[PDB]
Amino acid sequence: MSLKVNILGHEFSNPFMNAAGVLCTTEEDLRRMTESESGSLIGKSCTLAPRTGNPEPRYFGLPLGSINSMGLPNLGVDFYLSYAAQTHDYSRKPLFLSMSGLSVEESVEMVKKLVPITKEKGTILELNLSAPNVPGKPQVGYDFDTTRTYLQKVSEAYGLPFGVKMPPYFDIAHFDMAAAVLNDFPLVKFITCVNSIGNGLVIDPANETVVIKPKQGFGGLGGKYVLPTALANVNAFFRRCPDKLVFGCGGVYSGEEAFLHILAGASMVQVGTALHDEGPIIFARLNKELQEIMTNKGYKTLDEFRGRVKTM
């Protein structure tokens, strides 16, 4: 009754990891993910130099999910490389790093340093082309000319299999255009769909005020607001990019929702808002709920239903 995932030469005990930026900024945070029942983990979307991020308040838990304008608070690339080279326990689970250079020049600089650590430890790169909360910096995934420039430059520079965190698309034409770009880059081996539904706004009727400080209350949305969007993006790139893997991210609160992600195409399944609400104990119950579902449906591996959602 296997939850195992076998990708890029690595063995994963189950399909579940943290969403980049939830429980992964500090050494303490990464330790707790390692010690959880998650199949893998990913470090914070990091920058060349350390950042403190946006001013406070910048996070608000919502009845149907979360809004945030974090602003890439991170200990800089040298801290996470160090964690990846010296500290992390690989015999426990593989490690993804997320990198979110604010310019292609910056991203080139950071991936060049990761090359020898990937070689020795097999650390996996997820390149972030979303990042919706940095004031003044637009999401790269929404500019297909600039996306091409990043993939080009990171491909040449990194010279090894990597992945990409994509912003949500909401138009068939966009799915097609994103696809035509990604498929010109054979080193892009996986696509994470999706990041926060960007630039939403929550207002408190009681004091008639926005609930976060940065960018006049505008922040990225997560949780139940995003499942339909996430499922669609995973499925759309599963069909359009068959030489690549899809990782699902968005709206995972339970095993049911993990199951729908896999059904739409997902190899690995990331958890953000639910993980932030419940703590890493969630992984233990996500593993048991997905097993229950597969047991009831008579599925022995993830592979006999991955991508096999039925249409009418």
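Residue indices: 1-based, along the sequence shown.
I need to verify one thing: averaged over C-alpha atoms only, is the B-factor higher for 234 to 242 or for 108 to 116? According to the entry, 108 to 116 carries the higher average C-alpha B-factor.
When the Cα temperature factors in the entry are averaged, is it 187 to 195 or 150 to 158 that ends up higher? Between 187 to 195 and 150 to 158, it is 150 to 158 that shows the higher mean C-alpha B-factor.
If you compare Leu221, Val210, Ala206, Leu75, which has the highest Cα B-factor in the entry? If I rank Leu221, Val210, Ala206, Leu75 by C-alpha B-factor, first place goes to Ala206.
What third of its chain, lowest, middle or highest, does the C-alpha temperature factor of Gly21 fall into? Middle third by C-alpha B-factor.
In terms of the chain's CA B-factor thirds, is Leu48 lowest, middle or highest? For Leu48, whose C-alpha B-factor we compare with every modelled residue in the chain, the answer is the highest third.
Considering every modelled residue of the chain and its Cα B-factor in the PDB entry, is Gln86 in the lowest, middle or highest third? Tercile = highest for this residue's CA B-factor.
Tell me, lowest, middle or highest third: where does the Cα B factor of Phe144 rank within its chain? Answer is highest: the recorded C-alpha B-factor places it there.
Once the chain's modelled residues are ordered by C-alpha B factor and cut into thirds, is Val134 in the lowest, middle or highest one? Within its chain, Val134 is a highest-third residue by C-alpha B-factor, going by the deposited values.
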